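Peer 1: The structure is given below, and queries will be raised subsequently.
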Amino acid sequence: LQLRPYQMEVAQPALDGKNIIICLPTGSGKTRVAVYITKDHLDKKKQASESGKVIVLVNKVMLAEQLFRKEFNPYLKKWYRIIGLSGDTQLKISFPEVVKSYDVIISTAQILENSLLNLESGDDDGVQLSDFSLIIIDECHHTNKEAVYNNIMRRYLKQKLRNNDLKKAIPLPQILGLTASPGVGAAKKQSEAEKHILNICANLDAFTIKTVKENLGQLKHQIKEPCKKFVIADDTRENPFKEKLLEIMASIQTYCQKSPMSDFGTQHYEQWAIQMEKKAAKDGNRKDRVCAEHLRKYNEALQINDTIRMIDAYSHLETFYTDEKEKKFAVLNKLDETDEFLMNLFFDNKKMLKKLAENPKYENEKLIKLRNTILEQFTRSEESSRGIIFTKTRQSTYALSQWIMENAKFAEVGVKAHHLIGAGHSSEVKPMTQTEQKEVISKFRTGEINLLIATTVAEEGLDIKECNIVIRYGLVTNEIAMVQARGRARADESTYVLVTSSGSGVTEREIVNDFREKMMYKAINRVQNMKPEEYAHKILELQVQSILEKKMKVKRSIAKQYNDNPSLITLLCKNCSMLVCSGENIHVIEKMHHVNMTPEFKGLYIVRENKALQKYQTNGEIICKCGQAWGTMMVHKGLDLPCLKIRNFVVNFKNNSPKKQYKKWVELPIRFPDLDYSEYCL
RNA sequence: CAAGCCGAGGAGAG
RNA sequence: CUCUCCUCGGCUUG
Ligand SMILES: Nc1ncnc2c1ncn2[C@@H]1O[C@H](COP(=O)(O)OP(=O)(O)NP(=O)(O)O)[C@@H](O)[C@H]1O
Ligand SMILES: [Zn+2]
């Protein structure tokens, strides 16, 4: 391993105690300086006949294996014992034991917290911090309100104050936080920015920050920025299509007699639709809820029209209504006035909308703008042409990847592309899998795919190859994502683009984040130069406040919903105001999943085979006689006992009918019994 | 590989 | 404070 000049000075105080933060720019060899500090710490503790164990904490899964392979092991294999843990191994099981070996640990975080609370909650073996001598951390800036990793530090600080009260002593470990930039936490003033920085430092018990200042030219030579750049467009033609939908929506409303006091093709209208649907369901009146459920889809279509072709929205709707018709046919294998009206309204115009949509006279501006942007680069760079795109949603990524596959020009210049999204199981999309992710990464590094379409998945963690033409298509989250994307584009003649519309404040937000970036550095300078006694005073104050801010939160959130009422309810279908179950019939398996195993509920529903699995069905999706999907099948002990949700059902209390929607099971107070085969058997 | 439970953070709009 | 979008982590059934 090698020791750079400017990494030296930033590392220097850490080498003799002095828990600190380190914020350097991106790509400056953050991991490597980490590694060096490790080796020093361990060699030191050996030379003093003192036990030395380091643990690394990360926030994602992949970074653990990542760093295990590339940085720590290749250099420290010979002197020491290393290991890499995560939720994707089998070494989680005896975590207290691996500590008894493996002086170097890498780990996903919540592993640790789980073990601590097992030591402090059950009679399990567990572990305490005393068994360490260092904690190295990545991505400092997640240390905020009740994240994971702040439990850890709140406990560290609790024990530190125990030590301090003792002094007026357990040897606490050293801490070393590493980041790119800690970031201003939503503050409108330089002073509150400062306050936030100090809040971080108190949550890390730091002594400084140690930005690089002295050996700065070596950085500028070795490391450089891209060039910021904007591209803007405007649209007032909306020629055939938009109005063609607004007509429909207006017709539905004037069938429903509901006044939005709002506009078509925005987000407040959506919120209204939601609460209206919820109200209609808590009351039970159809004709309003179901129309709302459709209007939401129409609004979504319009929103994506603002960014994406008409064809994609038409397809979105086609999928929706095709599904609904298939549902009604599987059930009927009756036709209420509502659904009949809605379908008759839609399908008559289906062919029209298909014609209107395919119309290259007025496709979209931003797509053309990025056409120009992209072609410029891939003509300039010629086979060293790595690319990245960022957007907001998943569907957008699929659409763009599809298009770039379709249009010939992109394929002509060698614009090989692939999409990328996150693995969360929610949000009406089939997510990806970690394997797919890693493979795409390796293809990019290989060069199979020249450019990637991504959500916010890329602006952290996983290690993409350096790039040229990072852009930004309808997304401005905050300064952190801004800088982290800004730190990708090496390979000179790099850029950082933003593509937006005119009448949607985004460039606004871009500038705000730019100012925030310029602000935080000022604050850093304010604090680095702060006097040590004053600094100490303030961090002590903040640590106290943080710990007291814990206790209170503890005193008001013990249970907050504890009234266990077994069968005091009735679950109805939310589309059709129809009984489905009572609370007694339901049971739980593994104290997590809810399920019912009475033949009454058995006969009520229908199974529609899966589309996720065709991409032999195993987990069937349940539907009603109305058509409302309810749940999913399940295989427990071979019993195909069908699970369900509480997002599609409505509750009715027996007393006075405040019917409520809950969106998940933990929110409600009442408890359900565990499953046992004594019922239905013996 | 599919299904689901819980928790956390960020952003928008209200 | 609520809704939506986005990401992440831990954990179970198969
Ligand atoms: N001290 C060093 N000496 C030699 N090469 C280094 C050093 N630090 C980093 N590198 C090289 O830089 C690459 C890895 O470092 P880097 O690009 O900073 O990844 P990183 O630690 O993830 N930076 P970041 O993305 O900001 O977290 C490899 O090509 C290394 O060879
Ligand atoms: Zn129904």
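Here Swiss-Prot sets the residue numbers for chain A, with the shown residues being 307-474, 479-643, 668-949, 954-1020 in order.
A Cβ is built for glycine as well, from the same backbone N, Cα and C atoms used for every other residue.
Not my notes, these are from Swiss-Prot:
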BINDING   A:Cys907, A:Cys910, A:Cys962, A:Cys964  Zn(2+) binding site
DOMAIN    A:700-872  domain 'Helicase C-terminal'
MOD_RES   A:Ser828  phosphoserine
Peer 1: Give me the count of other Cβ atoms within 10 A of the Cβ belonging to A:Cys962 (Zn(2+) binding site).
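Peer 2: So the Cβ neighbour count for A:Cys962 (Zn(2+) binding site) comes to 20.
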Peer 1: Apart from A:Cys907, A:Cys910, A:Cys962, A:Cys964, which residues in this chain have a Cβ no more than 8 Å from the mean position of the Cβ atoms of those residues at the Zn(2+) site?
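Peer 2: Leaving out the recorded residues gives A:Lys908, A:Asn909, A:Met912, A:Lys963, A:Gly965, A:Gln966.
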Peer 1: Return the count of C-beta atoms lying within 10 angstroms of the C-beta of A:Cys907 (Zn(2+) binding site), excluding that atom itself.
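Peer 2: If we count other Cβ atoms within 10 Å of A:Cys907 (Zn(2+) binding site), we arrive at 21.
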Peer 1: Among all the protein chains here, how many other CB atoms are within 10 A of the CB of A:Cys910 (Zn(2+) binding site)?
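Peer 2: The Cβ of A:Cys910 (Zn(2+) binding site) has 16 Cβ neighbours within 10 Å.
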Peer 1: Where the model skips 4 residues between A:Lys949 and A:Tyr954, what's the CA-CA distance in Å to the nearest whole number, could you check?
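Peer 2: Both gap-flanking Cα atoms are 11 Å from one another.
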Peer 1: Across the 4 residues missing from the deposited entry, can you see how many angstrom lie between the CA of A:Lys474 and the CA of A:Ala479, as a whole number?
Peer 2: 11
Peer 1: For A:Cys964 (Zn(2+) binding site), which DSSP three-state class applies?
Peer 2: coil
Peer 1: Measure the Cβ-based neighbour count of A:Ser828 (phosphoserine), defined as the other Cβ atoms within 10 Å of its Cβ.
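Peer 2: For A:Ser828 (phosphoserine), the 10 Å Cβ neighbour count is 20.
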Peer 1: Taking the Cβ of A:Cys964 (Zn(2+) binding site) as reference, which residues of that chain separated by at least 6 in sequence fall under 8 Å from it?
Peer 2: A:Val641, A:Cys907, A:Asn909, A:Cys910, A:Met912
Peer 1: Hey, how far is A:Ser828 (phosphoserine) from A:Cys962 (Zn(2+) binding site), Cα to Cα, in Å?
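Peer 2: A:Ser828 (phosphoserine) to A:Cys962 (Zn(2+) binding site), Cα-Cα distance: 54 Å.
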